[PDB]
Amino acid sequence: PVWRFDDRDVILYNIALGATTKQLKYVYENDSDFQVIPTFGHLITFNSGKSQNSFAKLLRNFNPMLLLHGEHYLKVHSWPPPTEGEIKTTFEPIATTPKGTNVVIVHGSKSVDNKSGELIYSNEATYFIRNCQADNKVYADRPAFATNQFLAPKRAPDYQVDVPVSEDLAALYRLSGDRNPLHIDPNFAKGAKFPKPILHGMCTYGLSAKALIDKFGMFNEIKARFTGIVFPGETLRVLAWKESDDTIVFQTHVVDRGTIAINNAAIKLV
Amino acid sequence: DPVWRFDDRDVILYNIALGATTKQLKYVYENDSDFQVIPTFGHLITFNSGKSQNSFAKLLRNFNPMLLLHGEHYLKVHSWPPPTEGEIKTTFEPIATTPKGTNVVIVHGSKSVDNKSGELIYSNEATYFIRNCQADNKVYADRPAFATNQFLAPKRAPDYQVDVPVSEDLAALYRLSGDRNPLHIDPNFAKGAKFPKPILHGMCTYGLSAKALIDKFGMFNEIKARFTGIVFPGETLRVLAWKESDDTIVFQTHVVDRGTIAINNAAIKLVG
């Protein structure tokens, strides 16, 4: 499963996460510090054309409409990550945990440089699937950062920033690979008992990641739990605590409805 | 002859850069029943290949690519509606050349066909104005009347007007459609080309104008315009339009912030 990407993918993605023309490092391929926002590494999901669904063989009675992306963990192993090239992704289940009539699956991936074999990204996605059966198995150990609950300490946030979400952001963001109609088609969305189309959880995650970098600098590890929906046109509020020399704990709040979109989350600074 | 392979992603990215939003899913969602492309999309072969820029620098002397300015553009869509995906093959043929002092005015033509059928999709006539250059004085082919029509704005007040904000970040998005010229994003190159800061692509202004016109008047299959003034990211456009027959909408594009004219001598031909 090979994915060839270039500066156009990088810039399209960076802009979707709020990169501006003031930040030429994000939007301009000839800038001396031209760079990709590291959450870009998850996009192998949409460019590893069939292989991505390899966890399904371990499931029974699997209905895709009943699947939820509950957690995501990403690591960058080669700093800084590349802004162009060719990467090969290997997918492997990490764990399956039967829970009543449902299953929690942890699905792992590793993306390497296709012309040297150098490890670039790794991802661990946690999926929650209703009305599904599976074996109770553990295929691999997980990094501490991936399973850390990252509870916000009982003090004031060291940082707070508001991030308006364009009413049209999902329309742009989906060009990075995820075409799910839930994020764009009102008929589909309302048909699915949503008030209107929702923003991609990974876009919320990225937006959060970008905002945190503007303040705290770059990170090579990120983990978060998805706890609530976000609508385009709404405003996100990122609350952040500096919890070690290494580690920024955060939450992403939705101002307009007084909910929480991202919780149990942190980044590890380079 | 360069082969251009494009898909829904290119179309939506282009359409969004021209101000298309989720209020108009026909421009921004590929599974919309009316999914379509704003037809200026057909010009992109002008900037998105190497044989599109080296194929005319062929009668050029002392050419600097950074000293290039786009002066007029004509586009015709021959196959309606324009495809939202496919493979297109383009042939470039010189139309005319002229020295004007130490600079050079060049009219360069192109025809774009489907790569699977040989069917004519788009025709383009670009007019370039290049600073600090030198060339022969020549004329190689005839031109459609619509391309050389001066389309003088009628003396009456416009039949229609609308303002179009230009995001400070729009050139960064627009250039992803193919024209990477650093003049539109890098202050160093913009000043190298004698502008105070990066300028918006002439073709983005052109396309923003086209999009506003379509919203009011419907689809067109033929467009021509003269570029007469710079536009900076962050400024506000004003499209002025005059209905000049059941067929033809004459327009100008003004810059509200500085009281200048960015596009003049311009019109579209409405589809049937």
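Please give the number of the condition B:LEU176 fails out of (1) within 24 Å of A:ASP33 (Cβ to Cβ); (2) touching a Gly at 6+ places or on another chain (Cβ under 8 Å).
Going through (1) within 24 Å of A:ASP33 (Cβ to Cβ); (2) touching a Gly at 6+ places or on another chain (Cβ under 8 Å) one by one, B:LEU176 breaks only (2).
Among the residues of segment B:139-161, which ones are within 18 Å of B:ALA210 (Cβ to Cβ), outside any loop (DSSP other than H, G, I, E, B) and within 20 Å of the chain's Cα centre (by Cα)?
B:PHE146, B:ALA147
A:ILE129 passes all but one of (1) surrounded by 14 or more Cβ atoms within 10 Å (Cβ to Cβ); (2) away from chain B (no Cβ under 14 Å); (3) touching a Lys or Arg at 6+ places or on another chain (Cβ under 9 Å); (4) more than 20 Å from A:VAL2 (Cα to Cα); which number fails?
Against the list (1) surrounded by 14 or more Cβ atoms within 10 Å (Cβ to Cβ); (2) away from chain B (no Cβ under 14 Å); (3) touching a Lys or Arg at 6+ places or on another chain (Cβ under 9 Å); (4) more than 20 Å from A:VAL2 (Cα to Cα), A:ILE129 comes up short only on (3).
Got at least one residue in segment A:109-120 being assigned by CATH to the domain that holds A:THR259 and farther than 30 Å from B:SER167 by Cα?
Checked against the condition, which is being assigned by CATH to the domain that holds A:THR259 and farther than 30 Å from B:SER167 by Cα, segment A:109-120 yields no hits at all.
Can you confirm whether segment B:180-187 contains a residue that is farther than 30 Å from B:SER245 by Cβ, β-branched (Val, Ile, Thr) and under 21 Å from the mean Cα position of the chain (by Cα)? Write out each step before concluding.
Going residue by residue through segment B:180-187, those that are farther than 30 Å from B:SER245 by Cβ are B:180-187.
Filter again for β-branched (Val, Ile, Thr), leaving B:185.
With the extra rule that they be under 21 Å from the mean Cα position of the chain (by Cα), the set shrinks to B:185.
Scanning segment B:180-187, I find at least one residue that is farther than 30 Å from B:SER245 by Cβ, β-branched (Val, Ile, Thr) and under 21 Å from the mean Cα position of the chain (by Cα), so the answer is yes.
Would you kindly identify the helices (runs of 4 or more DSSP H) lying entirely within segment B:162-247 that contain at least 2 residues that are within 12 Å of chain A (Cβ to nearest Cβ)?
B:170-174, B:187-192
Just one of (1) assigned to a loop (DSSP other than H, G, I, E, B); (2) within 14 Å of another protein chain (Cβ to nearest Cβ); (3) touching a residue at least 60 places away in the same chain (Cβ under 8 Å); (4) more than 16 Å from the chain's Cα centre (by Cα) trips up A:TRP79, so point out which.
(2)
I need the full set of residues from segment A:58-75 which are among the hydrophobic types (A, V, I, L, M, F, W, C) and in a helix (DSSP H, G or I), in order please.
Residues satisfying the conditions are A:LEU58, A:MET65, A:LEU66.
Going by the conditions given, is A:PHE231 hydrophobic (A, V, I, L, M, F, W, C), more than 14 Å from the chain's Cα centre (by Cα) and buried (at least 18 other Cβ atoms within 10 Å of the Cβ)?
Here the answer is yes, as A:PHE231 does meet what is asked.
Considering only segment B:30-52, state which residues are out of contact with any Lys or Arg (no Cβ under 9 Å at 6 or more places or on another chain) and either in the same structural domain as B:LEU270 (by CATH) or aromatic (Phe, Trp, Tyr) (or both).
Scanning segment B:30-52 gives a single hit, B:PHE41.
Quick one: count up the residues across segment A:11-58 that are touching a residue at least 40 places away in the same chain (Cβ under 8 Å), farther than 21 Å from A:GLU221 by Cβ and among the β-branched types (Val, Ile, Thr).
The qualifying residues number 1.
Looking only at segment A:91-138, how many residues end up being assigned to a strand (DSSP E or B), in contact (Cβ under 8 Å) with a residue 24 or more places away in the chain and within 22 Å of A:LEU43 (Cα to Cα)?
Total meeting the criteria: 25.
What is reported rests on the model, the rules as stated and the sources as named; these are not laboratory values. Here the Cβ is made from the backbone with ideal geometry for all residues, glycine too, and neighbour counts use every protein chain on show.
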